[PDB]
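**Student:** Take this structure first; my questions come after.
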Amino acid sequence: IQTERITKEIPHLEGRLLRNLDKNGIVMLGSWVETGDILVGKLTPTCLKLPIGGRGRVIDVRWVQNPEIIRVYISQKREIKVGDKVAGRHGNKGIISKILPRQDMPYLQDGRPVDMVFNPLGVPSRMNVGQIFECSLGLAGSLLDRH
Amino acid sequence: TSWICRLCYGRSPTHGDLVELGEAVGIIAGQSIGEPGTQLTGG
Amino acid sequence: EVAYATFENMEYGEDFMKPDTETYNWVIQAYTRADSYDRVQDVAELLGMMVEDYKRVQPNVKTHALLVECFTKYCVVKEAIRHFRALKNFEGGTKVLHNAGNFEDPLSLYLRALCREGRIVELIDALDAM
Amino acid sequence: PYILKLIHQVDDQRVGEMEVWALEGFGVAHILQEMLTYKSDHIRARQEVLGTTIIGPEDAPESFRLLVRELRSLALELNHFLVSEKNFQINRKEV
Amino acid sequence: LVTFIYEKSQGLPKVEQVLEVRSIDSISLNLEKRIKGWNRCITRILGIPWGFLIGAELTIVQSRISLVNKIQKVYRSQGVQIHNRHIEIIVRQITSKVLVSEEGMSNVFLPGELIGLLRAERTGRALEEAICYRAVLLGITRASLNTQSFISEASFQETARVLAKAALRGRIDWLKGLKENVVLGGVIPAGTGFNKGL
Amino acid sequence: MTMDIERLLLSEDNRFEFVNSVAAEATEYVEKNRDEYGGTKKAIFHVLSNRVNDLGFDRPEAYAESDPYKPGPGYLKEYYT
Amino acid sequence: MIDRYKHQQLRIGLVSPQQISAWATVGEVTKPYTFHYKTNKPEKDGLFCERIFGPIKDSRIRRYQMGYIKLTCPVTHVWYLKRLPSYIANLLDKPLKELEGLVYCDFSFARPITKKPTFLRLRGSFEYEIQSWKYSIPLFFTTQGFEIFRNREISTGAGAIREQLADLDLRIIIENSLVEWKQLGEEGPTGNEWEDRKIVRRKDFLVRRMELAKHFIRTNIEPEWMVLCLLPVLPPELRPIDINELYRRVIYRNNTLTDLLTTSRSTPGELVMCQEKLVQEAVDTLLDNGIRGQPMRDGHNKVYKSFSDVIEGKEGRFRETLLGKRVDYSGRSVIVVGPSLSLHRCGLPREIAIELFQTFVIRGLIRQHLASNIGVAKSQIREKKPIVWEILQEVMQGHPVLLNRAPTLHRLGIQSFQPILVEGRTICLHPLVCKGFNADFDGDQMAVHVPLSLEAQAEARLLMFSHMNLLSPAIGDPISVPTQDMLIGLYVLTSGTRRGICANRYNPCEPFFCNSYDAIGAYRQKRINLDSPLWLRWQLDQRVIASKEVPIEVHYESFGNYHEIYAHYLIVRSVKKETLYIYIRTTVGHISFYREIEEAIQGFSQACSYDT
Amino acid sequence: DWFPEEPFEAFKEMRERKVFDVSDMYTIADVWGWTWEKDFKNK
Amino acid sequence: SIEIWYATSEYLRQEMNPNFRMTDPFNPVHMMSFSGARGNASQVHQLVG
Amino acid sequence: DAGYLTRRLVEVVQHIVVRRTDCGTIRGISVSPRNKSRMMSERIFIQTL
């Protein structure tokens, strides 16, 4: 946010938001923050709330200061989930629709369950047989410990 | 030319019976031709 | 358009709703006595429907009275003369066209239109009807 | 195989003109009206549409009113009349 | 070194060429031969009230069967099944208007005026005031710009030109169409909005 | 209800008049009893259930169904996508 | 049957200067100003003046109330002057070149007015200024008396056109054009293509002219209105801070023209015309900029977007704004395959469902007294109490929503489904309807709209649901046909036994099941394979579809029983009796496929038990 | 498919194809019994 | 050069289905296209012809 | 190109709505199955009727 005074707390507000604001008004370096929590408490003769989707841990905060500039960085440990896009290198794009427990995924003759299941119908229509070669050679490379 | 009656048009393909009054049959005809637009040697 | 909408609702309807001679007179009368944009094309098309429906509808005294009123007002005289000749065959004749001198009397207009157009031979025939 | 994870879920409404054609094809006149009304740039209706659905038209939409002003700026007078079907009473719908 | 010359031997653009009717021969290259011979023969073989009546009808009827065949030729070749109803509706609007000849002048229809075929057929059935009309084929772009509503024409294309022409005439639009009621937010006169819901 | 919706349309002449009649009757229901058609009971579904019952058949009111196997008030049935 | 008549006329036309003033009733604008640079206030009588356009902050009137501009000299409307064919040129019968020079090349026109006496031999447009008209005639009749009849004899600029348009005898224009048109066709052919080419143009010009005249006298539109003396101003809201600089351009240009007239005996001609042609250009580019021979450009050489442009193109407020809206209650997110969903259902995430059903959830909380008012409910929703999700779950129950694909493809591009609250943060969708939407799963985002009015919810459930739209209107063919692996699985089921040399190694030179349930049960117990042949004791009539062929072999026993071995079934008839035993040679796959259809019909019939 | 090039033969095609026939060939004068109209034009 | 290789390509496409039907009816690539589930003969011809 | 063609196609017939039961016309397009089979298939001739 580019600047008007940065306050530790804004009146008519509770501790649901102002909990992580510091003496100047910035978040604590290393404090977890949810959507809607105030990040920088400013008062103009204007604030900074964490938007929807934004969440996680505050990593870095910058005071620049001549209007002052405050930059706050939040790290998200975004693990894979339903609706994420995965793709190979042969144009075989894919959305993730289901996440199954390891005990009901199809498994090989050595007992290891597969990690991802693809539609075989994609290859004939899209005509990318390179993934068929890469798939088989990848299994051989991991067993032989080769690249 | 600003409208069409049920008998002159005929039987609705979607419902399998005579078309019903108030059906926007002109717009249906327009879409029925434009929708297959994205579907259109040895000698 | 208010009268024509009712006419369409009964023209394209069941048999008992089909227009008759009286119905066509009202629709023509609405277009003739219009305080708005040109309606001569609509009257001709409306007349075109009546002649096409000859097996059911036959014109009356009021029908030719309006057509003569319409055509004389829109300066088309040759078609006005044709309907006036059919109008003469009715006993009421010009009195129906006179309309008690109301609506900017069309009976005078037909006489005046013939005089300015020079169709004197038809003019003396009109005087015979009066 | 080597499988990558893409950026779409990390990096990141309007009803188009074609959806109007599809709605007309279904003949959903009230739904089609609802798109171009309080569920749009329509201040008067949207002001109380929340409250009618919280407890339990007749005016031209702002888009049409804005359209009139643009034509009104081009020395063109766009008038909407409702000639009554009962007594032929012509009333001018204010825009 | 040397230059040989050898001889070696239509989809959406074919349809648009047929629909737009930019040239009468652009659709079949044989319809013009029929109509041009019909134009200078029928109008003199028959009388005034029927030289244009059935002469224009012959052009209209022949064009109707020709137009639908050419349009269906593209879609049937590409393995696309569309009922004739959806095409005949398009062709009906195209082969609907009739153009009055320069010879025909009157207080009813002035020359260079576009009227419907039913309009001319009915008016010519009764009037005799030199109703000289010749059938005219219109493209979808051109036909959509000549209707009973300026609002639909204005929102389609040539908005400045359509509004300017309508403004002088004080054109009255009865919004009997569907697009007309869409722009003003009213309930469309179709489907659930047909009549008034009663 | 899908079969019942079609069954009503079988005796109807115009499906656009049918929905208008249903919407008109549904609006009438909610005006009389504002505090009934908000949750498990819907105004439109009540109309459809009544119109089927008028023909002489039997349907639950507004096609509303509960969950007899719901364990607790705070437990809402997760849907296996 | 009486149609429910609804007559709604929507007329358009040119506006009289009085009605322009009626719009501003006083809304005169004189200062070419705007919000002050420092005080941030609208200047008095400016383009944003509070008095003219209503209060700034009810404040909604600023979108509607508009002002006008008082032009000292009349200005031709460029829509009827330079947009060929020119209506002014058609009406005045003068060629467009003469009109262009009269308003841009400082020409002069003779006898502008015929309804008043004139004493001069001058005829028409004069490209050269008359020598005696500047120092001799004004001196003879004195300046005060000369200007009384000055415009009656010689007029310049758009004033000449406006007075000429007013002077027009529209009745006379029809009469003389008709006889002139009649005269042209009297001669007939001329034997020269070029001469016949021009005779057609003139005849069509005359027909167009009289048609224009016939329209004027049958309506209340005055031809003088094509040359406006008042300029309407767009309301400030519709022109927030491009066209504002155009408005300030015409205003300050016009104001300085007043200074060239209100002053005592200003220099006429070279100075009066200078800021009289420019004011014409300013109004020109303001209304229509693309028709100008030299379209005006900014300092950055940007072609000015005229009022004609703001209603012509897609960005103009005619197509994009009207044919489509930025509809509220919309949520866009990635979709996934809900293969377990029903054909008419869709899965909505909790965070998307709550946004769409914000109002309805609040109503449920207030209805059941959980929340006292709206403010408590909105805070409670943000608190995300467990009750809120329970209320949301029952709220969506029975309330259809519309799913729309932004790159819409068919009439099925927008369709209605019954939403069910589903886990995750993605919209589950039925596999079959994803083909009607062409919903590829390499990435797609749909826009979902919730009908609000009870009428909209009625037609969403009764007209747009997937169970009532199964046939494409193009030809009447099904749209929700199984495809992809759905079709593969059925193909494998019905791909029956291996036949002939593919089943036996050598030339020959199977279990019997009393009912289909045993055949299915034996398959479950791994006793037989899916494609393994078997004989099914058929209790119904002959129903299998096989090629009509005579029996391969008939085993006629001497006691009257004869077996008929067909290609696909065995029939045991007798002479003594009429037993008619039928055994079908088929697989579990065919039985499973047949049983699936039969069970679906019976299951649907029992659920919709009209018998009870 | 294609109407005959000859206008006279084209008239034959219409009658067999029901496009137009003499029954549809009438005007206002004869259907309304305007007998006097005959002796007012061709003079 | 153009014709002899086009005739060969068309003949391979022409003989693709009868070879699949007569020799490997349950070939996975054949069943995907022959059943109409996904792909057509032309796309398969790009893979096996 | 197809999307552009859709807008023009729908515009020319956007106003066409089934508004009357029977317009009362008597003229009908005559079709014969004996002069037609020489050019097009009989199967599509069924769909026309």
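Letters A, B, ... go to the chains of the structure tokens in the order shown; residues in each chain start at 1; ligands are counted from 1 in the same order.
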Write out as a list in words each polymer residue whose atoms come within 10 Å of residue H:40, counting only C-alpha atoms; drop sequence neighbours fewer than 4 positions from it.
**Tutor:**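 The neighbour list is residues 82 of chain C; 35 and 36 of chain H.
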**Student:** Using only C-alpha atoms, determine which residues lie at most 10 Å from residue I:46, disregarding the query and same-chain residues fewer than 4 positions distant; provide the list as a count of residues only.
**Tutor:** 5
**Student:** Just list the residues in chain I DSSP gives helix (DSSP H, G or I) on the backbone, as a short mmCIF file (atom, residue, chain, number, x, y, z; two decimals) with N, CA, C and O atoms, in the first residue's frame.
**Tutor:**
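This is the output file states.cif:
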data_model
loop_
_atom_site.label_atom_id
_atom_site.label_comp_id
_atom_site.auth_asym_id
_atom_site.auth_seq_id
_atom_site.Cartn_x
_atom_site.Cartn_y
_atom_site.Cartn_z
N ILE I 2 3.34 -37.82 -55.75
CA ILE I 2 2.17 -37.50 -54.94
C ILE I 2 1.15 -38.63 -55.00
O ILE I 2 0.60 -39.04 -53.97
N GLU I 3 0.88 -39.15 -56.19
CA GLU I 3 -0.21 -40.10 -56.35
C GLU I 3 0.14 -41.48 -55.82
O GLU I 3 -0.71 -42.15 -55.21
N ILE I 4 1.37 -41.94 -56.04
CA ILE I 4 1.72 -43.29 -55.60
C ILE I 4 1.76 -43.38 -54.08
O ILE I 4 1.48 -44.44 -53.51
N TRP I 5 2.08 -42.28 -53.41
CA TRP I 5 2.08 -42.28 -51.95
C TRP I 5 0.71 -41.98 -51.37
O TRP I 5 0.43 -42.39 -50.24
N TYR I 6 -0.15 -41.28 -52.11
CA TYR I 6 -1.51 -41.09 -51.65
C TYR I 6 -2.33 -42.36 -51.80
O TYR I 6 -3.11 -42.72 -50.91
N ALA I 7 -2.16 -43.06 -52.93
CA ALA I 7 -2.87 -44.32 -53.12
C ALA I 7 -2.44 -45.35 -52.08
O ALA I 7 -3.28 -46.10 -51.56
N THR I 8 -1.15 -45.40 -51.77
CA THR I 8 -0.67 -46.29 -50.72
C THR I 8 -1.27 -45.93 -49.37
O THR I 8 -1.70 -46.80 -48.61
N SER I 9 -1.30 -44.63 -49.05
CA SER I 9 -1.86 -44.20 -47.77
C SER I 9 -3.34 -44.53 -47.67
O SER I 9 -3.81 -44.99 -46.62
N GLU I 10 -4.09 -44.30 -48.74
CA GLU I 10 -5.51 -44.61 -48.73
C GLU I 10 -5.76 -46.11 -48.62
O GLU I 10 -6.68 -46.54 -47.93
N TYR I 11 -4.94 -46.91 -49.30
CA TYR I 11 -5.10 -48.36 -49.21
C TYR I 11 -4.83 -48.86 -47.80
O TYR I 11 -5.52 -49.75 -47.31
N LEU I 12 -3.82 -48.29 -47.13
CA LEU I 12 -3.56 -48.67 -45.74
C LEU I 12 -4.73 -48.29 -44.85
O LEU I 12 -5.14 -49.08 -43.98
N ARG I 13 -5.29 -47.10 -45.04
CA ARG I 13 -6.48 -46.71 -44.28
C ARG I 13 -7.65 -47.62 -44.61
O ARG I 13 -8.41 -48.02 -43.72
N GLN I 14 -7.81 -47.97 -45.89
CA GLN I 14 -8.91 -48.83 -46.29
C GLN I 14 -8.80 -50.21 -45.65
O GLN I 14 -9.81 -50.78 -45.22
N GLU I 15 -7.60 -50.75 -45.57
CA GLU I 15 -7.38 -52.08 -45.02
C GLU I 15 -7.20 -52.09 -43.51
O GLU I 15 -7.00 -53.16 -42.94
N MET I 16 -7.25 -50.93 -42.86
CA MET I 16 -7.04 -50.89 -41.42
C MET I 16 -8.17 -51.59 -40.67
O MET I 16 -7.92 -52.44 -39.81
N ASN I 17 -9.42 -51.23 -40.97
CA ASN I 17 -10.54 -51.84 -40.26
C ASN I 17 -10.66 -53.34 -40.52
O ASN I 17 -10.79 -54.10 -39.54
N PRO I 18 -10.65 -53.83 -41.76
CA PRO I 18 -10.76 -55.29 -41.95
C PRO I 18 -9.64 -56.06 -41.29
O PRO I 18 -9.87 -57.19 -40.83
N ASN I 19 -8.43 -55.50 -41.22
CA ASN I 19 -7.36 -56.16 -40.50
C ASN I 19 -7.67 -56.24 -39.01
O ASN I 19 -7.46 -57.28 -38.37
N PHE I 20 -8.16 -55.14 -38.43
CA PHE I 20 -8.53 -55.16 -37.02
C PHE I 20 -9.68 -56.13 -36.76
O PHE I 20 -9.65 -56.88 -35.79
N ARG I 21 -10.69 -56.12 -37.63
CA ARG I 21 -11.83 -57.00 -37.45
C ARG I 21 -11.44 -58.47 -37.58
O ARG I 21 -11.88 -59.31 -36.79
N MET I 22 -10.60 -58.79 -38.57
CA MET I 22 -10.30 -60.18 -38.85
C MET I 22 -9.21 -60.75 -37.94
O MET I 22 -9.18 -61.97 -37.73
N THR I 23 -8.33 -59.92 -37.40
CA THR I 23 -7.20 -60.42 -36.64
C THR I 23 -7.26 -60.08 -35.16
O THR I 23 -7.15 -60.97 -34.32
N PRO I 28 -7.28 -52.62 -28.21
CA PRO I 28 -7.75 -51.43 -27.49
C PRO I 28 -7.90 -50.21 -28.36
O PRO I 28 -8.87 -49.45 -28.20
N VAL I 29 -6.98 -49.99 -29.30
CA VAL I 29 -7.08 -48.83 -30.18
C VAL I 29 -8.26 -48.99 -31.13
O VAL I 29 -8.95 -48.02 -31.45
N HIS I 30 -8.50 -50.21 -31.60
CA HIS I 30 -9.62 -50.45 -32.50
C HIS I 30 -10.95 -50.17 -31.81
O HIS I 30 -11.81 -49.48 -32.36
N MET I 31 -11.13 -50.70 -30.60
CA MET I 31 -12.41 -50.57 -29.92
C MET I 31 -12.73 -49.12 -29.57
O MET I 31 -13.90 -48.74 -29.55
N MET I 32 -11.71 -48.31 -29.30
CA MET I 32 -11.95 -46.91 -28.97
C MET I 32 -12.55 -46.16 -30.14
O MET I 32 -13.44 -45.31 -29.96
N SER I 33 -12.09 -46.45 -31.36
CA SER I 33 -12.58 -45.74 -32.53
C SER I 33 -13.75 -46.46 -33.20
O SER I 33 -14.71 -45.80 -33.63
N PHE I 34 -13.69 -47.79 -33.29
CA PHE I 34 -14.74 -48.53 -33.98
C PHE I 34 -16.08 -48.39 -33.27
O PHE I 34 -17.13 -48.26 -33.91
N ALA I 41 -11.31 -43.10 -37.82
CA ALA I 41 -10.35 -43.87 -38.59
C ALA I 41 -9.15 -43.02 -39.01
O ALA I 41 -8.02 -43.50 -39.02
N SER I 42 -9.39 -41.75 -39.36
CA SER I 42 -8.31 -40.89 -39.81
C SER I 42 -7.27 -40.68 -38.72
O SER I 42 -6.07 -40.75 -38.97
N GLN I 43 -7.73 -40.43 -37.49
CA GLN I 43 -6.79 -40.22 -36.39
C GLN I 43 -6.03 -41.49 -36.05
O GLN I 43 -4.83 -41.45 -35.76
N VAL I 44 -6.71 -42.64 -36.08
CA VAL I 44 -6.03 -43.91 -35.85
C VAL I 44 -5.03 -44.17 -36.97
O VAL I 44 -3.93 -44.69 -36.74
N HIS I 45 -5.39 -43.81 -38.20
CA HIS I 45 -4.48 -43.99 -39.33
C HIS I 45 -3.19 -43.21 -39.14
O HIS I 45 -2.13 -43.65 -39.60
N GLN I 46 -3.25 -42.07 -38.46
CA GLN I 46 -2.04 -41.33 -38.14
C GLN I 46 -1.15 -42.08 -37.16
O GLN I 46 0.05 -41.79 -37.10
N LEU I 47 -1.71 -43.02 -36.41
CA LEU I 47 -0.96 -43.77 -35.41
C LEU I 47 -0.43 -45.10 -35.94
O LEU I 47 0.69 -45.49 -35.60
N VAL I 48 -1.21 -45.81 -36.74
CA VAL I 48 -0.86 -47.15 -37.18
C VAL I 48 -0.68 -47.27 -38.68
O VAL I 48 -0.29 -48.35 -39.15
#
**Student:** I need the contact residues of chain J against chain B, so if you could list those with any atom within 10 Å, counting only C-alpha atoms, and return them as a list in words, that would help.
**Tutor:** residues 1, 2, 3, 4, 5, 6, 7, 8, 9, 10, 11, 12, 13, 14, 15, 16, 17, 18, 19, 20, 21, 22, 23, 24, 25 and 28 of chain J
**Student:** For the residues in that selection, give me N, CA, C and O atoms as an mmCIF file, in the first residue's frame.
**Tutor:**
data_model
loop_
_atom_site.group_PDB
_atom_site.id
_atom_site.type_symbol
_atom_site.label_atom_id
_atom_site.label_comp_id
_atom_site.auth_asym_id
_atom_site.auth_seq_id
_atom_site.Cartn_x
_atom_site.Cartn_y
_atom_site.Cartn_z
ATOM 1 N N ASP J 1 -15.629 -17.441 -37.893
ATOM 2 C CA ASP J 1 -16.530 -17.252 -39.024
ATOM 3 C C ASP J 1 -17.920 -17.789 -38.716
ATOM 4 O O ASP J 1 -18.928 -17.155 -39.051
ATOM 5 N N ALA J 2 -17.997 -18.963 -38.084
ATOM 6 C CA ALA J 2 -19.293 -19.517 -37.707
ATOM 7 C C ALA J 2 -19.987 -18.642 -36.674
ATOM 8 O O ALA J 2 -21.193 -18.390 -36.774
ATOM 9 N N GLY J 3 -19.241 -18.166 -35.675
ATOM 10 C CA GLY J 3 -19.836 -17.309 -34.663
ATOM 11 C C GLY J 3 -20.372 -16.015 -35.240
ATOM 12 O O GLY J 3 -21.424 -15.524 -34.822
ATOM 13 N N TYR J 4 -19.653 -15.441 -36.205
ATOM 14 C CA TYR J 4 -20.157 -14.266 -36.905
ATOM 15 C C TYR J 4 -21.410 -14.598 -37.703
ATOM 16 O O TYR J 4 -22.336 -13.782 -37.786
ATOM 17 N N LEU J 5 -21.458 -15.792 -38.297
ATOM 18 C CA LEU J 5 -22.628 -16.182 -39.076
ATOM 19 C C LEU J 5 -23.841 -16.429 -38.188
ATOM 20 O O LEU J 5 -24.977 -16.217 -38.625
ATOM 21 N N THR J 6 -23.625 -16.880 -36.950
ATOM 22 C CA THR J 6 -24.747 -17.094 -36.041
ATOM 23 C C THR J 6 -25.489 -15.795 -35.767
ATOM 24 O O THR J 6 -26.725 -15.763 -35.779
ATOM 25 N N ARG J 7 -24.751 -14.709 -35.524
ATOM 26 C CA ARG J 7 -25.385 -13.442 -35.183
ATOM 27 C C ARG J 7 -26.243 -12.926 -36.329
ATOM 28 O O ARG J 7 -27.345 -12.410 -36.108
ATOM 29 N N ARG J 8 -25.753 -13.049 -37.563
ATOM 30 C CA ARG J 8 -26.543 -12.615 -38.709
ATOM 31 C C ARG J 8 -27.751 -13.518 -38.922
ATOM 32 O O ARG J 8 -28.836 -13.039 -39.268
ATOM 33 N N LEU J 9 -27.582 -14.826 -38.722
ATOM 34 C CA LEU J 9 -28.687 -15.756 -38.930
ATOM 35 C C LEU J 9 -29.797 -15.547 -37.909
ATOM 36 O O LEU J 9 -30.981 -15.564 -38.263
ATOM 37 N N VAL J 10 -29.442 -15.363 -36.637
ATOM 38 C CA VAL J 10 -30.469 -15.194 -35.617
ATOM 39 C C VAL J 10 -31.169 -13.850 -35.773
ATOM 40 O O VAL J 10 -32.360 -13.725 -35.469
ATOM 41 N N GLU J 11 -30.455 -12.831 -36.258
ATOM 42 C CA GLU J 11 -31.036 -11.496 -36.352
ATOM 43 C C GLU J 11 -32.162 -11.442 -37.375
ATOM 44 O O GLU J 11 -33.189 -10.793 -37.139
ATOM 45 N N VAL J 12 -31.991 -12.107 -38.518
ATOM 46 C CA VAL J 12 -32.990 -12.022 -39.576
ATOM 47 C C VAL J 12 -34.300 -12.689 -39.178
ATOM 48 O O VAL J 12 -35.350 -12.375 -39.750
ATOM 49 N N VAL J 13 -34.278 -13.592 -38.200
ATOM 50 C CA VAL J 13 -35.477 -14.329 -37.820
ATOM 51 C C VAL J 13 -35.709 -14.246 -36.317
ATOM 52 O O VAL J 13 -36.416 -15.082 -35.746
ATOM 53 N N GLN J 14 -35.124 -13.241 -35.665
ATOM 54 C CA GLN J 14 -35.303 -13.113 -34.223
ATOM 55 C C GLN J 14 -36.753 -12.824 -33.859
ATOM 56 O O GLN J 14 -37.192 -13.151 -32.751
ATOM 57 N N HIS J 15 -37.507 -12.218 -34.771
ATOM 58 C CA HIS J 15 -38.888 -11.840 -34.511
ATOM 59 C C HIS J 15 -39.888 -12.947 -34.812
ATOM 60 O O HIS J 15 -41.061 -12.811 -34.447
ATOM 61 N N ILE J 16 -39.468 -14.031 -35.460
ATOM 62 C CA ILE J 16 -40.403 -15.079 -35.850
ATOM 63 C C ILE J 16 -40.791 -15.884 -34.619
ATOM 64 O O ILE J 16 -39.944 -16.524 -33.984
ATOM 65 N N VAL J 17 -42.074 -15.851 -34.273
ATOM 66 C CA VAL J 17 -42.612 -16.572 -33.126
ATOM 67 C C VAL J 17 -43.923 -17.217 -33.547
ATOM 68 O O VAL J 17 -44.698 -16.629 -34.307
ATOM 69 N N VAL J 18 -44.168 -18.433 -33.066
ATOM 70 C CA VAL J 18 -45.443 -19.097 -33.312
ATOM 71 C C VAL J 18 -46.520 -18.342 -32.539
ATOM 72 O O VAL J 18 -46.592 -18.436 -31.311
ATOM 73 N N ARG J 19 -47.362 -17.593 -33.254
ATOM 74 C CA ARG J 19 -48.355 -16.739 -32.623
ATOM 75 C C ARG J 19 -49.795 -17.109 -32.934
ATOM 76 O O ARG J 19 -50.693 -16.654 -32.219
ATOM 77 N N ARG J 20 -50.046 -17.908 -33.964
ATOM 78 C CA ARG J 20 -51.397 -18.284 -34.344
ATOM 79 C C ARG J 20 -51.487 -19.795 -34.474
ATOM 80 O O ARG J 20 -50.485 -20.474 -34.701
ATOM 81 N N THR J 21 -52.700 -20.320 -34.312
ATOM 82 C CA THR J 21 -52.903 -21.757 -34.452
ATOM 83 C C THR J 21 -52.879 -22.166 -35.919
ATOM 84 O O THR J 21 -52.034 -22.961 -36.344
ATOM 85 N N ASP J 22 -53.802 -21.626 -36.711
ATOM 86 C CA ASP J 22 -53.881 -21.904 -38.138
ATOM 87 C C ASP J 22 -54.095 -20.590 -38.867
ATOM 88 O O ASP J 22 -55.102 -19.912 -38.642
ATOM 89 N N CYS J 23 -53.155 -20.234 -39.744
ATOM 90 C CA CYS J 23 -53.265 -18.984 -40.485
ATOM 91 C C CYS J 23 -54.337 -19.031 -41.562
ATOM 92 O O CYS J 23 -54.656 -17.986 -42.136
ATOM 93 N N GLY J 24 -54.891 -20.204 -41.855
ATOM 94 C CA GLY J 24 -55.954 -20.308 -42.830
ATOM 95 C C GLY J 24 -55.507 -20.370 -44.271
ATOM 96 O O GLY J 24 -56.345 -20.207 -45.166
ATOM 97 N N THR J 25 -54.224 -20.598 -44.530
ATOM 98 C CA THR J 25 -53.753 -20.697 -45.901
ATOM 99 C C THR J 25 -54.307 -21.953 -46.565
ATOM 100 O O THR J 25 -54.704 -22.917 -45.906
ATOM 101 N N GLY J 28 -50.252 -25.024 -50.609
ATOM 102 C CA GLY J 28 -49.260 -25.890 -49.994
ATOM 103 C C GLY J 28 -48.217 -26.322 -50.998
ATOM 104 O O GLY J 28 -48.523 -26.549 -52.168
#
**Student:** Please identify all residues of chain C having at least one atom at most 10 Å from any atom of chain H, considering only C-alpha atoms, and return them as a count of residues only.
**Tutor:** 15
**Student:** For chain E against chain B, which residues fall within 8 Å using only C-alpha atoms, given as a PyMOL selection string?
**Tutor:** chain E and resi 9+11-12+75+78+80+82+85-87+89-90+92-93+96+189-195
**Student:** Neighbours of stretch 45-58 of chain A within 8 Å (only C-alpha atoms; same-chain residues fewer than 2 positions away dropped), as a PyMOL selection string?
**Tutor:** chain A and resi 1+4+27-43+60-61+72-77
**Student:** Quick one: residues within 8 Å of stretch 53-62 of chain D, only C-alpha atoms, excluding same-chain residues fewer than 2 positions away - as a list in words?
**Tutor:**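 Listing them by chain and then by number gives residues 36, 37, 41, 42, 43, 45, 49, 50, 51, 64, 65, 66 and 95 of chain D; 184, 185 and 186 of chain E; 34, 35 and 38 of chain F; 359, 360, 362, 363, 366, 367, 374 and 452 of chain G.
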